[PDB]
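Accompanying notes for the structure given below.
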Amino acid sequence: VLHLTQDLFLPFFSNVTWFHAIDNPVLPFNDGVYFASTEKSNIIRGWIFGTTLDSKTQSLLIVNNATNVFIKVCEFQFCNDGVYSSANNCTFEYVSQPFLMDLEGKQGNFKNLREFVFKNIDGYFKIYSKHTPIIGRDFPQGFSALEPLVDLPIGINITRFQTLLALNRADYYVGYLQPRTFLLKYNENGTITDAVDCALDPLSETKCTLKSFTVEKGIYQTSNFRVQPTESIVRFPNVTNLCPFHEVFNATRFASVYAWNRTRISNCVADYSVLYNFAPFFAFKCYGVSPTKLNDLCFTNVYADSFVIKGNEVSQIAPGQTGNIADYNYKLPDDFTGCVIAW
Amino acid sequence: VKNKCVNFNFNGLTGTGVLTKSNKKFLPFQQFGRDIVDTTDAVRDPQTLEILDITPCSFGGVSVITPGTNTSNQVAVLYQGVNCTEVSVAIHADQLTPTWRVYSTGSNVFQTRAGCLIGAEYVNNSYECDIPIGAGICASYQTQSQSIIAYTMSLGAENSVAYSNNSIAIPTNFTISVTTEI
Amino acid sequence: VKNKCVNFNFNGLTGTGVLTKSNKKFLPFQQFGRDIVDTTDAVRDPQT
Amino acid sequence: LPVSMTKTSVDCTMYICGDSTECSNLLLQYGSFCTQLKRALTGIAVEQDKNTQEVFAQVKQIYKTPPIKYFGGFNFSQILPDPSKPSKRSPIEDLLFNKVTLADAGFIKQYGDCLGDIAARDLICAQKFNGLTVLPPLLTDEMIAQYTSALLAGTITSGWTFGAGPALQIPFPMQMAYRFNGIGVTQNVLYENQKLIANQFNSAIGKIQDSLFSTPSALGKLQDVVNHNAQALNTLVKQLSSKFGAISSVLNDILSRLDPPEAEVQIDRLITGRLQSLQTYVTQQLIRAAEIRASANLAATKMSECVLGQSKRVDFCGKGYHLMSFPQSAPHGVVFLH
Amino acid sequence: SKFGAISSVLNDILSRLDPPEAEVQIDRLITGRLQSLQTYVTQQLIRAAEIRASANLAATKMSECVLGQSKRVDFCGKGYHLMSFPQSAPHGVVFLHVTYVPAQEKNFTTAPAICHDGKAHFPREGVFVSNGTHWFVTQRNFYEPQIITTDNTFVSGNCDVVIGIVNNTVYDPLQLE
Amino acid sequence: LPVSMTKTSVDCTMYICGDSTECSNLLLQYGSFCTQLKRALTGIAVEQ
Ligand SMILES: *[C@@H]1O[C@H](CO)[C@@H](O[C@@H]2O[C@H](CO)[C@@H](O)[C@H](O)[C@@H]2O)[C@H](O)[C@H]1NC(C)=O
Ligand SMILES: *[C@@H]1O[C@H](CO)[C@@H](O[C@@H]2O[C@H](CO)[C@@H](O)[C@H](O)[C@@H]2O)[C@H](O)[C@H]1NC(C)=O
Ligand SMILES: *[C@@H]1O[C@H](CO)[C@@H](O[C@@H]2O[C@H](CO)[C@@H](O)[C@H](O)[C@@H]2O)[C@H](O)[C@H]1NC(C)=O
Ligand SMILES: *[C@@H]1O[C@H](CO)[C@@H](O[C@@H]2O[C@H](CO)[C@@H](O)[C@H](O)[C@@H]2O)[C@H](O)[C@H]1NC(C)=O
Ligand SMILES: *[C@@H]1O[C@H](CO)[C@@H](O[C@@H]2O[C@H](CO)[C@@H](O)[C@H](O)[C@@H]2O)[C@H](O)[C@H]1NC(C)=O
Ligand SMILES: *[C@@H]1O[C@H](CO)[C@@H](O)[C@H](O)[C@H]1NC(C)=O
Ligand SMILES: *[C@@H]1O[C@H](CO)[C@@H](O)[C@H](O)[C@H]1NC(C)=O
Ligand SMILES: *[C@@H]1O[C@H](CO)[C@@H](O)[C@H](O)[C@H]1NC(C)=O
Ligand SMILES: *[C@@H]1O[C@H](CO)[C@@H](O)[C@H](O)[C@H]1NC(C)=O
Ligand SMILES: *[C@@H]1O[C@H](CO)[C@@H](O)[C@H](O)[C@H]1NC(C)=O
Ligand SMILES: *[C@@H]1O[C@H](CO)[C@@H](O)[C@H](O)[C@H]1NC(C)=O
Ligand SMILES: *[C@@H]1O[C@H](CO)[C@@H](O)[C@H](O)[C@H]1NC(C)=O
Ligand SMILES: *[C@@H]1O[C@H](CO)[C@@H](O)[C@H](O)[C@H]1NC(C)=O
Ligand SMILES: *[C@@H]1O[C@H](CO)[C@@H](O)[C@H](O)[C@H]1NC(C)=O
Ligand SMILES: *[C@@H]1O[C@H](CO)[C@@H](O)[C@H](O)[C@H]1NC(C)=O
């Protein structure tokens with residue numbers, strides 16, 4: 001079968017950064033990262049994940065050892081090097097068979113290469129791997145598949161990525177995956193003997209469109225090409241028609257609460273910046289809309305009731321309240337769609 | 001920003017494409033402009049009171065001409081129905097939706113009546129068609145050492161009859177040919 | 001029961017078909033399986 | 001007889017979802033209900049290519065007419081290509097080209113002047129707005145005239161021999177005598193009334209041009225094919241102005257006005273309507289292509305019989321005892337002169 | 001294809017939703033599947049009609065090029081048609097047209113008629129061909145020169161209307177005997 | 001050999017929405033979908 005699937009996949013002939021080790025920069029994590037490492041026996045233990053890497057957001061630590069692994073989604077404080085400290089909120093400790101499989105044919109020339117891929121779509125951390133003593137120069141050229149090992153629902157926030165080392169007395173092949181459509185050739189035994197990207201080459205686009213490896217001589221209509229608009233303009237009518245907000249907030253004789261002036265605001269453009277610059281507010285609570293989300297909304301009619309009142313009465317004025325003002329002077333309906341402003 | 005594909009949101013109408021100066025006679029009350037199929041064509045500027053047309057940002061279709069993969073891996077790209085100086089600046093500014101970028105050596109530019117061919121070169125000879133491109137152009141795989149060439153149709157071998165007032169050609173011999181019809 | 005068309009409800013997956021021994025190569029992480037055109041074909045026994 | 005029509009290569013993805021990521025995602029649920037349409041349309045285009053090639057590419061070697069034109073008094077300048085015309089076309093084919101006005105030529109590269117349309121954009125720019133494009137034909141309308149000229153040269157200097165084997169020259173007088181012999185009249189009769197018959201032929205060739213000029217529409221079949229294609233295309237474009245039972249007709253309006261999970265119903269309605277319209281258009285294109293292919297096969301048989309020899313079958317090559325025919329190229333068609 | 005519903009397998013849908021809310025999704029599935037089937041049947045009908053046209057053409061080609069000889073040019077193969085043998089094929093037929101194609105040709109000379117004694121002579125079949133010195137008659141698609149006798153020609157005329165007439169003597173086997 | 005078939009002149013509104021103003025109005029929301037059908041039926045009659 002020649003199944004075609006669209007899923008986050010490291011691009012073919014993509015660009016991979018290669019590091020050395022003799023201090024461990026924090027590489028950004030976005031849309032997964034492909035990882036590879038070749039070694040004689042071992043120089044690497046684990047990785048740490050998350051944002052800000054401190055005791056404030058949940059983090060990850062997947063250090064391996066000689067017999068098992070120490071996967072944990074915890075809020076480690078710091079190590080700067082006994083890999084975590086200041087336990088406050090750890091959870092979900094995962095222990096299984098060790099990831100690192102090392103085999104040697106009575107010699108160190110069979111340096112094992114290990115390819116690891118990690119992703120965090122809708123949580124559900126996925127770890128793929130395949131261990132084999134490949135030719136050992138560097139990243140090979142022959143195709144190799146990746147078998148998922150663990151699939152565990154972390155359900156947290158990951159932004160930055162870091163790797164751990166070993167003790168002692170040429171690795172770090174890092175590439176970033178991208179959302180692409182792929183087609184994979186399946187062996188009759190089920191293993192993937194080949195795969196072709198569908199965003200790399202015109203020949204790849206043709207082979208992908210017919211989901212076949214052998215393309216016969218001829219023309220093939222594959223897709224459509226589009227010149228993406230470089231910029232985006234928004235233009236609206238020159239109308240300004242500033243609302244009388246200025247005269248409702250620049251008044252000098254704001255009526256009392258017992259006789260609350262009610263101003264009917266009609267036929268104007270309600271810009272709220274003239275409201276923001278006119279009063280250093282102390283209570284700008286809203287109920288039916290958002291103070292920020294108001295400059296992009298249309299309304300049929302607007303009422304501005306203005307009255308000067310005491311301090312605690314400001315907190316008194318709200319839908320579903322009580323008091324000498326909320327009962328006898330001014331009662332806000334429980335179904336109020338608007339805002340109050342107190343300065 | 002005129003003479004450039006740009007998302008526009010004129011007074012509530014949203015679309016994509018190129019806007020520039022126009023010579024319409026928008027009556028003062030008129031605000032929108034369309035056509036037979038009523039597709040929004042011209043928009044009056046609400047803050048300038050000038051007339052601008054709206055144009056398909058870029059409408060073509062990519063076709064790939066290739067020989068058998070078992071023969072070669074070289075491919076050539078067809079950009080149907082577009083003056084490919086437009087894509088040439090589009091490739092340069094990298095706003096093209098296609099991500100695969102095939103090389104432009106200057107010799108691989110082809111202003112065909114049926115679009116633009118890229119990744120192939122003119123050969124002013126005339127060979128029988130192998131892959132139909134369109135507009136009387138055919139591509140084929142040939143030795144220089146191997147590449148993809150584009151050339152015009154050769155309708156056949158050039159022959160001239162010898163008609164005269166008293167000239168007859170009479171066959172002195174014959175042949176039997178067995179063809180096939182399926 | 002093998003070699004007998006019967007209503008199965010394997011792991012909540014409902015259907016009606018004949019179960020039999022197969023020589024496929026399911027990975028330990030593989031659970032359902034399928035065929036060319038997207039129909040559940042070879043479901044490995046969760047117990048045996 | 002029509003031979004082919006314009007080749008349309010619509011792209012469903014954008015025709016239904018104008019540059020909308022969410023709309024494309026919603027369409028992705030409808031399975032391979034696009035690859036089928038694109039395959040059908042490309043099959044129609046390839047079919048049109050094979051129809052025109054089957055109609056015209058009947059002779060391998062492109063013969064040229066001798067520099068001197070005296071075929072026993074027969075006057076052929078009206079059907080022979082005129083070197084003065086830069087397109088190398090006969091005067092009759094000139095009228096055939098002038099009397100047919102194509103709404104969409106296709107070989108225009110009209111991108112670049114839709115912005116510069118000044119006036120209201122034309123059907124072509126409108127179609128280029130909403131996911132419609134036309135693929136220009138493989139055989140350029142110029143080389144078709146060259147094939148026609150080669151066929152005409154073969155049938156007036158070599159008789160009907162060049163369609164059987166090597167082109168063997170024969171003067172028009174005894175070719176005339178032989179076409180007479182194939183009907184039931186002795187060659188001597190021609191050799192006695194050659195001047196009269198040549199004058200008859202010249203008068204008829206003079207009158208056919210005036211008959212084609214003065215008629216309102218005698219090329220009504222080719223005009224009908226062009227008008228049918230244009231009308232179907234215009235209706236197909238106009239179909240995007242129907243709300244189909246939703247709030248509005250504009251995808252970018254519905255998307256920007258309503259939330260995703262409520263606008264989902266309306267966009268589904270738009271998908272179901274627009275895609276059904278595209279399906280109907282594709283089916284009508286299929287029927288028209290089948291009919292045009294049948295007409296093209298009839299035209300190819302007509303060419304190989306009447307032009308490339310004498311046809312004994314009555315009324316097939318014009319009314320009366322058939323003698324010959326001359327082919328003439330036309331926009332999306334052919335014109336025979338029995 | 002899910003066709004805009006919860007899942008693309010009804011067996012799963014019914015084992016996951018009760019009737020009075022599942023009927024909507026199953027109706028969506030029905031409409032999508034039946035629309036696809038309508039597309040398939042329409043395309044099959046078109047293909048069958050085209051195949052029927054091809055089959056009628058092939059039947060005529062059989063009954064013409066096999067059960068007789070065709071005078072139609074370029075119908076039973078390129079060139080003059082001689083015979084045709086049919087061969088069975090998977091879902092089709094294959095012909096073996098045997099066609100007569102001429103070969104090496106030579107300019108000699110031609111004249112519309114020969115005027116022996118005030119009378120124009122015309123060939124009963126064939127043209128009048130000249131080596132260059134001696135006029136001859138022959139067939140049309142093969143060069144078989146023959147002596148101009150009274151049998152090969154029919155006489156009708158007055159030797160003053162035929163343009164390009166050429167002077168030569170005709171023969172007859174009756175004056176000799 | 002058949003030469004012609006019975007000519008048909010089906011009508012959109014009368015077939016679909018028998019004398020129902022609301023039904024005809026909601027049919028108008030479907031655009032000129034059915035004018036194509038009327039034209040095609042006129043065409044088939046003409047070719048007969
Ligand atoms: C799929 O797996 C089968 C089981 O091992 C393989 O069959 C074997 O093949 C080897 C030779 O490679 C034989 O020696 C052995 O007896 C058995 O038949 C089969 O080859 C394999 N197919 C692949 C990998 O394509
Ligand atoms: C007509 O053409 C035939 C082939 O097309 C000739 O037959 C050939 O004869 C030569 C020897 O003369 C053979 O070597 C060859 O294999 C072939 O059979 C035939 O002679 C020719 N006839 C005339 C009269 O020219
Ligand atoms: C063959 O028929 C042609 C008709 O197109 C003749 O051309 C004519 O040329 C005269 C001027 O000499 C024009 O006045 C006329 O309108 C027409 O174009 C052509 O002479 C004629 N040739 C012979 C040999 O009969
Ligand atoms: C005219 O046709 C003649 C056929 O009868 C050719 O004459 C031949 O000439 C030879 C000797 O030259 C005779 O022996 C033989 O019987 C035959 O008559 C003659 O070559 C031909 N002339 C030309 C110019 O082709
Ligand atoms: C064929 O031979 C005829 C005599 O048998 C020729 O007729 C002659 O014509 C000339 C004028 O050309 C007269 O002056 C003479 O009295 C005789 O009638 C005839 O011309 C000739 N034709 C050719 C083509 O050679
Ligand atoms: C990888 O990096 C090198 C150097 O920074 C750059 O030249 C190359 O283009 C990159 N790879 C790709 C595929 O762009
Ligand atoms: C959990 O972590 C927060 C910091 O993210 C810390 O303030 C809190 O005290 C921790 N939980 C405990 C120890 O109760
Ligand atoms: C490795 O981790 C496992 C986790 O269960 C632990 O039991 C073991 O003691 C650790 N160390 C070694 C050397 O096995
Ligand atoms: C009143 O308007 C003036 C003029 O803009 C401004 O300086 C002043 O701050 C305003 N005062 C109030 C209370 O709005
Ligand atoms: C409300 O404001 C207007 C502003 O002109 C003023 O005339 C009116 O007297 C005010 N009413 C009260 C109750 O203060
Ligand atoms: C739009 O308003 C600005 C602000 O005063 C003004 O300068 C400009 O002339 C106006 N233009 C139009 C077309 O009204
Ligand atoms: C398209 O062709 C060339 C190349 O771009 C240029 O003249 C112009 O852009 C266009 N010309 C016409 C006549 O459309
Ligand atoms: C050779 O090709 C060039 C274009 O590359 C063309 O301009 C020139 O006319 C051609 N020469 C001949 C003799 O055809
Ligand atoms: C044929 O004869 C006519 C007059 O008899 C002459 O004008 C013409 O040039 C001749 N052509 C040839 C090819 O001999
Ligand atoms: C007849 O003569 C012409 C004169 O050049 C020549 O070109 C042609 O090949 C000849 N036909 C033959 C030999 O069959």
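Lettering and numbering for the structure tokens are positional, with chains as A, B, ... in the shown order, residues counted from 1 in each chain, and ligands counted from 1 in the shown order.
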
Near-ligand residues for ligand 6, threshold 12 Å, only C-alpha atoms and all ligand atoms, as a PyMOL selection string: (chain A and resi 10-18+174-176+200) or (chain B and resi 99-101)

Chain A contacts to chain D at 9 Å (only C-alpha atoms) as a list in words: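 Residues of chain A within 9 Å of chain D, counting only C-alpha atoms: residues 221, 223 and 224 of chain A.
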
Output the selection as a CSV table (one decimal), in the first residue's frame - C-alpha atoms for each residue.
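The result, written out as part05.csv:
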chain,number,residue,atom,x,y,z
A,221,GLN,CA,-1.4,19.0,-13.4
A,223,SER,CA,-1.9,22.0,-7.9
A,224,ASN,CA,-2.5,25.8,-8.2

Long-range neighbours of residue 47 of chain F as a PyMOL selection string, 10 Å cut-off, only C-alpha atoms, 2 positions minimum in chain: chain F and resi 4-5+7+41-45

DSSP strand (DSSP E) residues within segment 95-153 of chain B, listed as a ChimeraX atom specification: /B:111-112,115-118,121-127,131-134,137-143,146-153

Counting only C-alpha atoms, chain C residues within 10 Å of chain E, as a PDB file with C-alpha atoms, in the first residue's frame:
ATOM      1  CA  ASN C   9     -18.170  -6.126  19.702  1.00  0.00           C
ATOM      2  CA  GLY C  12     -16.570  -1.456  21.664  1.00  0.00           C
ATOM      3  CA  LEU C  13     -15.909  -1.735  17.924  1.00  0.00           C
ATOM      4  CA  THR C  14     -19.149  -3.243  16.610  1.00  0.00           C
ATOM      5  CA  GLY C  15     -19.597  -5.186  13.371  1.00  0.00           C
ATOM      6  CA  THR C  16     -20.468  -8.574  11.846  1.00  0.00           C
ATOM      7  CA  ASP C  38     -10.312   2.160   5.212  1.00  0.00           C
ATOM      8  CA  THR C  39     -12.255  -0.804   6.644  1.00  0.00           C
TER       9      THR C  39
END

Residue contacts of segment 26-30 of chain D (10 Å, only C-alpha atoms) excluding same-chain residues fewer than 6 positions away, as a PyMOL selection string: (chain D and resi 12-13+16-17+20+264+267-268+271-272+275) or (chain E and resi 1-5+8+32+36)

Close residues to ligand 1 using only C-alpha atoms and all ligand atoms, limit 7 Å, as an NGL selection string: :A and (187-189)

Write the residues of the selection above to a file with N, CA and C atoms, as a JSON list (two decimals), in the first residue's frame.
[["chain", "number", "residue", "atom", "x", "y", "z"],
["A", 187, "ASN", "N", 6.23, -1.99, 3.04],
["A", 187, "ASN", "CA", 6.64, -3.32, 2.64],
["A", 187, "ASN", "C", 5.48, -4.29, 2.84],
["A", 188, "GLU", "N", 5.52, -5.40, 2.10],
["A", 188, "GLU", "CA", 4.50, -6.43, 2.28],
["A", 188, "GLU", "C", 4.55, -7.00, 3.70],
["A", 189, "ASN", "N", 5.70, -6.87, 4.37],
["A", 189, "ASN", "CA", 5.80, -7.17, 5.79],
["A", 189, "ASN", "C", 5.34, -6.02, 6.68]]

Nearby polymer residues, ligand 3, at most 6 Å, only C-alpha atoms and all ligand atoms, as a count of residues only: 3

Selection near segment 220-235 of chain D, 6 Å with only C-alpha atoms, sequence-local residues under 3 positions removed, as JSON, numbers by chain: {"D": [2, 217, 238]}

Contact set, chain A to chain B: 8 Å, only C-alpha atoms, as JSON, numbers by chain: {"A": [199, 200, 201, 202, 203, 206, 214, 215, 216, 217, 218, 219, 220, 221, 222, 223, 224, 225, 226, 227, 228, 229, 230, 231, 232, 233, 234, 235, 236, 237, 238]}

Nearby residues, ligand 7, 9 Å, only C-alpha atoms and all ligand atoms, as a PyMOL selection string: chain A and resi 54-58+75+77+86-90

Filtered DSSP result for segment 5-155 of chain B, state helix (DSSP H, G or I), as a ChimeraX atom specification: /B:10-12,84-93
